[PDB]
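Down below is the structure, laid out as structure tokens.
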Amino acid sequence: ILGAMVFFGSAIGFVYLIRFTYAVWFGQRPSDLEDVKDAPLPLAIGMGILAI
Amino acid sequence: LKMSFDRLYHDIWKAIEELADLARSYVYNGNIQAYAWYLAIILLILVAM
Amino acid sequence: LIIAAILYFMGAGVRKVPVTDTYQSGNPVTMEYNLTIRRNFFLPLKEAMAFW
Amino acid sequence: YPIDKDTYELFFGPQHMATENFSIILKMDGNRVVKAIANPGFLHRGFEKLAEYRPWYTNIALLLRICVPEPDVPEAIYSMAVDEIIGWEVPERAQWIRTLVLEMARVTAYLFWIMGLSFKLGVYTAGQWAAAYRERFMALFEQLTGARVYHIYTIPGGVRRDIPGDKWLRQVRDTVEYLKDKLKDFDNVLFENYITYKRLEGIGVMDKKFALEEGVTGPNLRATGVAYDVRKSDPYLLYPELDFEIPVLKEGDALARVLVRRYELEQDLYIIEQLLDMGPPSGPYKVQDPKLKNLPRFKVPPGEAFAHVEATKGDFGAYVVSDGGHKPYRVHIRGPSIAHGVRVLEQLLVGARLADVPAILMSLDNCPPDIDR
Amino acid sequence: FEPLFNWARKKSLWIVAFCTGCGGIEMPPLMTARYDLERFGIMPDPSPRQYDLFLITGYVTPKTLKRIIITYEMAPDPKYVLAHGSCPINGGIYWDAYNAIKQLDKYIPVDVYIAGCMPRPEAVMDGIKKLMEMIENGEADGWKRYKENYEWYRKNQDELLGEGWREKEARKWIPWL
Amino acid sequence: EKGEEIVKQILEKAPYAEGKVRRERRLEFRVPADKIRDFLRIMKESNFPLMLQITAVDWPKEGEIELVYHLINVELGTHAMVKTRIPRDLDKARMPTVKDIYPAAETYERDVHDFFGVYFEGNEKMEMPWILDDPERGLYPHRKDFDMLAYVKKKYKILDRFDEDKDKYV
Amino acid sequence: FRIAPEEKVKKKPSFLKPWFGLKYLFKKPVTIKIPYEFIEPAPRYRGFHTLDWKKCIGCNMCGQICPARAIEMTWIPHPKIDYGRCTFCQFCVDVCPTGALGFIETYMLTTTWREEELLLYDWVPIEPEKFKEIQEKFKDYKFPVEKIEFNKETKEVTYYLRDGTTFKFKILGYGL
Amino acid sequence: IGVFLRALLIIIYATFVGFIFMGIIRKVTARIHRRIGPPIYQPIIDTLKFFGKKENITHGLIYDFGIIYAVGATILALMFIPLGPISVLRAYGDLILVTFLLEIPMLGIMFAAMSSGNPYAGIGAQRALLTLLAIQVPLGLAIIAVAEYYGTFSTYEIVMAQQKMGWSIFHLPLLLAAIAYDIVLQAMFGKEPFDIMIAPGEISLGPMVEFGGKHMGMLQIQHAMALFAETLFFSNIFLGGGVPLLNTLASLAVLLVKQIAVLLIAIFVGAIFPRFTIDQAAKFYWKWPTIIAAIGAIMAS
Ligand code: SF4
Ligand code: SF4
Ligand code: SF4
């Protein structure tokens with residue numbers, strides 16, 4: 001009875017991340033994001049450290 | 001009270017009763033060669049031992 | 001992924017296209033059309049367990 | 001800059017295979033619809049200022065293409081209207097022939113509506129069967145008059161080619177008895193499964209006061225509480241000596257407007273079986289010899305006439321006015337689907353899910369060559 | 001290299017189901033249980049990328065010639081349209097129409113014409129069979145004239161209805177939201 | 001016969017309603033132009049709910065777009081043809097819309113306004129691209145001031161891919 | 001008046017009743033293999049035109065009842081029917097007074113994109129010896145003209161038939 | 001170097017039998033409503049056509065890598081399930097691995113379907129993800145019912161425990177997981193009752209609405225491997241193939257017969273049943289197959 005909800009949790013863990021990476025990262029861009037730059041370095045060191 | 005059990009057992013019996021109309025027409029055909037194929041299938045199982 | 005790249009990285013014209021010109025049921029679509037969906041994304045999921 | 005930011009506008013244009021040829025722009029809200037206006041007229045050939053330039057007899061062949069699924073109901077209404085302004089004496093044989101082809105084109109249009117519904121409801125087997133059994137009706141029409149569809153048959157007086165004989169009239173008995181034994185295998189795929197009944201339940205709730213005053217004239221307001229059948233109310237062709245029974249429900253959701261068309265198929269096939277055992281007596285196929293010659297120069301005395309006839313989707317009328325010469329002054333063909341899937345569809349999709357935009361589109365039998373005219 | 005793909009094309013022609021108005025009564029029963037096309041492998045799917053056999057079934061309204069040429073701009077290599085009926089040839093009975101577009105070869109490159117009103121599915125079988133015979137050796141068809149001879153079709157596109165449809169049929173709804 | 005009783009019952013409730021009864025059920029009558037708006041709901045509330053297409057013929061000799069209005073019955077089966085006569089200029093092409101009583105004329109008036117002439121005042125779906133997009137909306141092609149085969153020549157240069165002269169009439 | 005049910009039409013949904021649509025897993029599939037099983041169309045299917053050159057009087061009675069305005073007249077004064085704008089309605093058959101415009105079952109006509117194969121649609125229709133191109137020459141039900149060689153300033157069209165006569169004639173002038 | 005050639009043997013056999021299995025699906029759905037339909041070697045010619053274009057689309061840098069990752073994941077799915085005795089590895093073919101590696105094709109065929117950017121691809125991904133939400137409620141209970149009935153997870157220690165004793169669609173606490181798998185397989189495939197991640201006709205084509213030449217070819221490869229992997233996972237758990245070359249080839253042949261066996265009952269349901277609204281598809285996989293698999297889960301414990 002407890003293995004079902006945790007497996008359902010892996011499914012619904014899959015689902016919301018698909019919801020995140022869709023309307024934040026793909027599709028068209030609105031015309032107020034043409035004034036944006038890349039990622040700065042000090043956040044990128046933390047990103048690279050956690051990735052490796 | 002929207003979830004009764006009178007409805008569910010009538011559902012499961014109507015499913016068995018329409019399966020009774022299902023097995024009537026599938027296995028019991030007028031096709032003579034269908035029964036020949038049934039005999040060849042069970043002979044094939046006797047090959048498989 | 002290498003054997004998958006073998007069946008893709010074969011050339012024969014990989015010409016890039018813009019995003020604003022897309023399917024839209026075979027129709028013209030301009031830049032001022034909100035085509036990527038961004039509003040709740042899960043309305044049958046909310047209306048399935050609307051009691052919970 | 002995308003100026004809505006709330007409601008994405010997907011829209012089923014022509015190349016979609018659910019809608020046939022009319023684009024419905026849907027202001028979608030996530031997975032529902034909050035505003036559903038339609039843009040019809042991808043097919044506007046024009047027939048007001050286009051059928052005004054041909055003579056009176058040759059304006060049949062140009063007028064067939066106003067409704068594609070029924071290739072006899074548009075000619076048999078114009079042939080009924082030019083019958084009135086001249087006042088012919090169309091005999092019993094021509095009346096019987098036009099009756100039987102007006103009912104066999106109607107069962108063809110019902111079969112096409114079944115196939116068109118099943119191509120967008122997922123299940124292909126009820127589509128392939130419906131088109132297969134429509135094809136033998138097409139190959140039976142081809143013995144009689146000409147091509148498969150657009151058989152230019154019913155000239156303003158009578159018909160053009162009579163029956164071949166016992167090779168044909170026995171054949172219609174064969175295919176009608178065959179399809180009446182066949183129709184019990186359409187129920188188990190389209191009307192008895194707990195998918196379709198659970199898919200079309202309660203979607204597009206049409207009220208009782210929302211059908212009679214809206215523009216709806218077909219069999220789909222007959223699923224709402226309305227007692228109106230133009231074959232029963234004012235019989236026109238050899239209808240009064242038939243005694244068929246019409247269906248009326250008190251419902252009005254979408255599957256109410258589908259079961260009524262299934263029962264209409266059953267009773268219409270019973271009509272064609274009942275009409276055949278009568279059999280046509282003798283008579284000519286044309287109407288008159290002297291007032292038909294010099295076929296272009298066909299001066300009709302002035303006046304006007306309205307006719308209207310039952311269809312697969314809507315009791316749709318014609319309006320001919322005659323100036324007094326060899327030109328119809330204005331032939332208006334009222335499409336059945338003008339306020340029957342354009343205006344009533346706007347207040348039917350509001351709230352409905354995206355999966356039941358195509359099913360609602362076919363639960364009214366929307367045929368795009370009728371809105372434009 | 002080349003005939004390994006050439007035979008592969010003429011066996012799985014995917015048709016896109018535009019169903020262009022009058023004529024979508026002999027487009028379905030062409031591809032159903034009777035006189036069929038899946039025996040030839042002609043499997044329909046409604047996508048403007050996963051097709052290479054467009055059937056311009058009859059007439060073309062200029063409110064549909066926008067949509068047809070937008071669909072025709074998206075099939076990558078082997079797009080070749082099969083004109084149908086008798087509308088694309090010279091205009092059908094709607095030669096007296098301000099709408100219904102006469103003379104379809106002046107707008108998009110037609111490969112093969114059939115005759116008939118409506119054309120019987122046996123005539124469509126003869127049309128596709130002659131299209132197979134044409135595509136065996138490969139016969140400088142459409143997609144090879146829409147590429148090099150684009151200067152003529154783009155001029156004839158822009159002359160009829162023209163002036164950049166991507167602003168006329170896009171801005172036609174944003175006031176009427 | 002019964003249609004004569006029906007039109008006699010209608011003529012009690014309206015003076016300007018000269019009713020001619022054709023064959024059995026084709027009850028046709030003409031009303032003045034700016035009086036049908038106070039009249040069509042007499043016809044609605046009596047027995048005729050359902051409204052068919054607002055079909056409008058034209059006349060160049062006497063300039064008037066005779067907008068005939070098709071009504072129908074549901075309890076008897078008759079079909080009214082109440083008709084008006086409004087002037088022919090685009091300045092004078094005015095007609096009050098029947099939307100407060102019939103929601104059937106929400107869409108019929110769009111087609112009769114986009115095809116030729118008439119402008120309907122109290123309606124919202126007027127300048128919508130219903131049908132006949134640009135450049136066909138800029139001139140009304142269904143009246144008798146618009147002739148074919150001199151606009152088609154200005155829209156398409158040749159009408160025959162083939163030979164001699166297949167573009168004239170008769 | 002004669003309302004049929006009270007709840008007689010509305011049926012009951014059902015779980016496993018769609019398996020009765022599975023009956024045709026073993027019956028013979030109802031299709032026609034078109035290469036090459038022929039169909040044999042109807043004895044009076046509306047098709048192409050078979051004008052008789054000895055009964056035609058040139059009265060242009062057909063000219064005024066063609067709904068698509070393609071039976072335009074030539075001189076040597078017979079009509080050329082073009083199938084560019086023609087709906088096969090066969091109103092030109094029962095209106096021709098002499099009887100010199102028939103119709104025979106021939107509908108298959110496929111031409112390619114080039115103009116030299118598209119002059120094929122402008123034919124002065126030939127005598128009913130073209131019925132000996134529907135029978136006795138490989139009964140394929142196809143248009144037995146199959147190429148046309150127009151020539152500017154030497155206007156002599158040549159219906160190069162299947163194997164028969166080239167059928168040369170001059171065409172000068174059109175209309176009336 | 002030998003395990004590389006053996007893995008190449010398994011991937012090229014899975015190609016040249018998975019495409020024939022999809023062609024068998026097309027042939028049976030053709031005969032199910034009275035039509036000859038395509039030849040048996042049909043979708044091989046589909047793939048061979050779709051790699052012969054001269055233009056492509058490539059909307060983005062991720063628009064390529066998502067479906068290429070989908071093909072890599074669906075190849076990784078079939079690499080662990082024991083295709084007969086010839087396995088590149090049989091030490092670790094655990095249930096949770098193969099069960100989750102069927103779902104990762106439903107990422108990459110959709111994760112790169114989002115990069116195009118479309119309301120049709122957006123609402124296709126919307127109607128595809130509620131399946132993968134809803135189907136894992138009876139799927140997990142079927143895996144627990146397989147788990148607690150045996151105990152071991154290394155899938156070579158399951159076909160051994162089948163060929164030692166008993167079949168696996170028998171023994172009713174395990175058969176109630178098979179009916180749950182027989183219902184979840186039509187969704188995991190994309191067959192007609194739970195179709196909606198394909199949806200041909202209602203929506204345009206959902207996720208694969210505009211891909212192009214090469215991308216549809218990779219999709220046909222991925223779809224054939226998704227077919228073969230989920231069918232081989234059902235057969236090497238609930239049926240068991242197990243078992244010299246005249247023994248090995250016949251072992252793979254009777255495995256192929258049991259591949260067709262569940263594939264035969266996947267088609268008969270999957271043509272006489274219309275497409276399902278996704279709001280009811282979320283509601284269906286919690287009512288009937290969940291309580292069936294839950295009764296199986298408490299009878300396997
Ligand atoms: S070719 Fe004939 S049938 Fe086809 S669209 Fe034109 S007029 Fe209609
Ligand atoms: S075949 Fe028909 S459309 Fe053509 S010219 Fe003759 S009557 Fe007119
Ligand atoms: S066929 Fe008839 S109408 Fe035509 S030219 Fe000959 S005689 Fe005159």
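Convention: chains lettered A, B, ... in structure tokens order; per-chain residue numbering from 1; ligands numbered from 1 as shown.
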
Q. If we count only C-alpha atoms, what is near residue 22 of chain B at a cut-off of 8 Å, once residues fewer than 6 positions away on the same chain are taken out, given as a list in words?
A.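 The contact residues come out as residues 17, 19 and 20 of chain G.
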
Can you write out the residues you just picked, keeping N, CA, C and O atoms, as a short mmCIF file (atom, residue, chain, number, x, y, z; two decimals), in the first residue's frame?
```
data_model
loop_
_atom_site.label_atom_id
_atom_site.label_comp_id
_atom_site.auth_asym_id
_atom_site.auth_seq_id
_atom_site.Cartn_x
_atom_site.Cartn_y
_atom_site.Cartn_z
N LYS G 17 -19.17 -5.42 -25.45
CA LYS G 17 -19.94 -5.55 -26.68
C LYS G 17 -19.22 -5.09 -27.96
O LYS G 17 -19.52 -5.64 -29.02
N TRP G 19 -16.53 -6.16 -29.01
CA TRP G 19 -15.89 -7.32 -29.60
C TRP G 19 -16.72 -7.97 -30.71
O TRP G 19 -16.21 -8.88 -31.38
N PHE G 20 -17.97 -7.57 -30.90
CA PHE G 20 -18.74 -8.03 -32.04
C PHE G 20 -18.43 -7.22 -33.29
O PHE G 20 -18.96 -7.54 -34.37
#
```

Proximal residues of chain C relative to chain H (only C-alpha atoms; 6 Å) as a PDB file with N, CA, C and O atoms, in the first residue's frame:
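Ended up saving to iface.pdb:
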```pdb
ATOM      1  N   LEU C   1      23.830   6.652 -27.428  1.00  0.00           N
ATOM      2  CA  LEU C   1      23.711   7.980 -28.015  1.00  0.00           C
ATOM      3  C   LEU C   1      24.606   8.132 -29.234  1.00  0.00           C
ATOM      4  O   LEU C   1      24.315   8.952 -30.111  1.00  0.00           O
ATOM      5  N   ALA C   4      22.646   6.337 -31.898  1.00  0.00           N
ATOM      6  CA  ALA C   4      21.591   7.269 -32.266  1.00  0.00           C
ATOM      7  C   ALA C   4      22.112   8.459 -33.055  1.00  0.00           C
ATOM      8  O   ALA C   4      21.396   8.982 -33.913  1.00  0.00           O
ATOM      9  N   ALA C  12      22.607  15.870 -45.522  1.00  0.00           N
ATOM     10  CA  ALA C  12      21.462  15.934 -46.442  1.00  0.00           C
ATOM     11  C   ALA C  12      20.525  17.106 -46.146  1.00  0.00           C
ATOM     12  O   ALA C  12      19.314  17.004 -46.343  1.00  0.00           O
ATOM     13  N   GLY C  13      21.061  18.213 -45.637  1.00  0.00           N
ATOM     14  CA  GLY C  13      20.286  19.430 -45.484  1.00  0.00           C
ATOM     15  C   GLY C  13      19.654  19.540 -44.114  1.00  0.00           C
ATOM     16  O   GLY C  13      18.659  18.866 -43.834  1.00  0.00           O
ATOM     17  N   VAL C  14      20.223  20.370 -43.241  1.00  0.00           N
ATOM     18  CA  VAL C  14      19.751  20.465 -41.864  1.00  0.00           C
ATOM     19  C   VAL C  14      19.387  21.931 -41.623  1.00  0.00           C
ATOM     20  O   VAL C  14      19.694  22.496 -40.567  1.00  0.00           O
ATOM     21  N   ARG C  15      18.806  22.571 -42.640  1.00  0.00           N
ATOM     22  CA  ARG C  15      18.584  24.019 -42.660  1.00  0.00           C
ATOM     23  C   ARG C  15      17.686  24.503 -41.526  1.00  0.00           C
ATOM     24  O   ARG C  15      16.571  24.012 -41.344  1.00  0.00           O
ATOM     25  N   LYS C  16      18.185  25.489 -40.779  1.00  0.00           N
ATOM     26  CA  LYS C  16      17.475  26.065 -39.647  1.00  0.00           C
ATOM     27  C   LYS C  16      16.338  26.958 -40.125  1.00  0.00           C
ATOM     28  O   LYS C  16      16.403  27.558 -41.201  1.00  0.00           O
ATOM     29  N   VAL C  17      15.291  27.045 -39.311  1.00  0.00           N
ATOM     30  CA  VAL C  17      14.089  27.795 -39.665  1.00  0.00           C
ATOM     31  C   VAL C  17      13.736  28.672 -38.467  1.00  0.00           C
ATOM     32  O   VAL C  17      14.167  28.375 -37.344  1.00  0.00           O
ATOM     33  N   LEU C  35       1.218  31.781 -28.609  1.00  0.00           N
ATOM     34  CA  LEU C  35       0.971  30.423 -29.075  1.00  0.00           C
ATOM     35  C   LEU C  35       1.448  29.377 -28.073  1.00  0.00           C
ATOM     36  O   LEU C  35       0.843  28.308 -27.959  1.00  0.00           O
ATOM     37  N   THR C  36       2.518  29.666 -27.342  1.00  0.00           N
ATOM     38  CA  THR C  36       2.929  28.789 -26.258  1.00  0.00           C
ATOM     39  C   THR C  36       2.013  28.989 -25.058  1.00  0.00           C
ATOM     40  O   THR C  36       1.754  30.112 -24.622  1.00  0.00           O
ATOM     41  N   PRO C  44      -7.460  19.673 -16.846  1.00  0.00           N
ATOM     42  CA  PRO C  44      -8.111  18.390 -16.523  1.00  0.00           C
ATOM     43  C   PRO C  44      -7.563  17.734 -15.270  1.00  0.00           C
ATOM     44  O   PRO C  44      -8.295  17.001 -14.596  1.00  0.00           O
TER      45      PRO C  44
END
```

**Q.** Nearest-residue call for ligand 1, choices E:107, E:150, E:173, E:94, using only C-alpha atoms and all ligand atoms
**A.**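 Once distances to ligand 1 are computed over only C-alpha atoms and all ligand atoms, the minimum belongs to E:94.
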
Q) If you count only C-alpha atoms and all ligand atoms, which residues end up within 8 Å of ligand 2, as a PyMOL selection string? A) (chain E and resi 93) or (chain G and resi 48-49+62-63+65-71+81-83+85-93)

Preceding selection exported with C-alpha atoms as a PDB file, in the first residue's frame:
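See out.pdb below for the written result:
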```
ATOM      1  CA  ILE E  93     -17.445  25.564 -63.759  1.00  0.00           C
TER       2      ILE E  93
ATOM      3  CA  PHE G  48     -16.114  11.932 -73.132  1.00  0.00           C
ATOM      4  CA  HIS G  49     -17.589  13.187 -76.366  1.00  0.00           C
ATOM      5  CA  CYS G  62     -25.029  23.348 -77.256  1.00  0.00           C
ATOM      6  CA  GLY G  63     -23.160  26.634 -76.833  1.00  0.00           C
ATOM      7  CA  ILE G  65     -26.656  25.337 -72.414  1.00  0.00           C
ATOM      8  CA  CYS G  66     -23.143  24.423 -71.391  1.00  0.00           C
ATOM      9  CA  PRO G  67     -23.023  25.406 -67.723  1.00  0.00           C
ATOM     10  CA  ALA G  68     -19.286  25.849 -67.858  1.00  0.00           C
ATOM     11  CA  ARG G  69     -18.969  27.626 -71.242  1.00  0.00           C
ATOM     12  CA  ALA G  70     -16.685  25.145 -72.937  1.00  0.00           C
ATOM     13  CA  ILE G  71     -18.226  24.022 -76.150  1.00  0.00           C
ATOM     14  CA  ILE G  81     -15.005  20.717 -76.158  1.00  0.00           C
ATOM     15  CA  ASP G  82     -12.214  21.441 -73.746  1.00  0.00           C
ATOM     16  CA  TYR G  83     -12.211  19.544 -70.481  1.00  0.00           C
ATOM     17  CA  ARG G  85     -13.977  23.820 -67.821  1.00  0.00           C
ATOM     18  CA  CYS G  86     -16.460  20.978 -68.153  1.00  0.00           C
ATOM     19  CA  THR G  87     -18.412  19.111 -65.523  1.00  0.00           C
ATOM     20  CA  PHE G  88     -19.528  16.104 -67.649  1.00  0.00           C
ATOM     21  CA  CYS G  89     -23.123  17.048 -66.993  1.00  0.00           C
ATOM     22  CA  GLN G  90     -24.101  15.911 -70.509  1.00  0.00           C
ATOM     23  CA  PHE G  91     -26.536  18.687 -71.125  1.00  0.00           C
ATOM     24  CA  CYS G  92     -24.992  19.015 -74.513  1.00  0.00           C
ATOM     25  CA  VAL G  93     -26.173  15.544 -75.446  1.00  0.00           C
TER      26      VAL G  93
END
```

Q: Choose the residue, out of D:137, D:57, D:150, D:244, that has the smallest atom-to-atom separation from ligand 1; count only C-alpha atoms and all ligand atoms.
A: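 Looking at the shortest contact to ligand 1, the residue is D:150.
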
Quick one: residues within 12 Å of residue 102 of chain G, only C-alpha atoms, excluding same-chain residues fewer than 5 positions away - as a CSV table (one decimal) with C-alpha atoms, in the first residue's frame?
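This went into out-v7.csv:
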```
chain,number,residue,atom,x,y,z
G,44,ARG,CA,-24.1,4.5,-69.7
G,45,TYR,CA,-21.5,6.2,-67.5
G,46,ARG,CA,-21.0,9.8,-68.5
G,47,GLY,CA,-17.7,10.3,-70.1
G,48,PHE,CA,-16.1,11.9,-73.1
G,49,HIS,CA,-17.6,13.2,-76.4
G,50,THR,CA,-18.0,11.5,-79.7
G,51,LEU,CA,-19.2,14.1,-82.2
G,52,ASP,CA,-20.2,12.9,-85.6
G,53,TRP,CA,-18.8,15.1,-88.3
G,55,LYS,CA,-24.6,15.3,-88.8
G,56,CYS,CA,-23.2,18.4,-87.1
G,88,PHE,CA,-19.5,16.1,-67.6
G,90,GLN,CA,-24.1,15.9,-70.5
G,91,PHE,CA,-26.5,18.7,-71.1
G,92,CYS,CA,-25.0,19.0,-74.5
G,93,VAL,CA,-26.2,15.5,-75.4
G,94,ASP,CA,-30.0,15.7,-75.1
G,95,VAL,CA,-30.1,19.3,-76.4
G,96,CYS,CA,-28.1,18.8,-79.7
G,97,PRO,CA,-31.0,18.5,-82.2
G,125,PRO,CA,-14.1,15.2,-80.7
G,126,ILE,CA,-13.8,12.4,-83.2
G,127,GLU,CA,-16.3,10.1,-84.9
G,128,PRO,CA,-17.8,7.0,-83.1
G,130,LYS,CA,-13.4,5.9,-81.2
G,131,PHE,CA,-15.7,3.1,-79.9
```
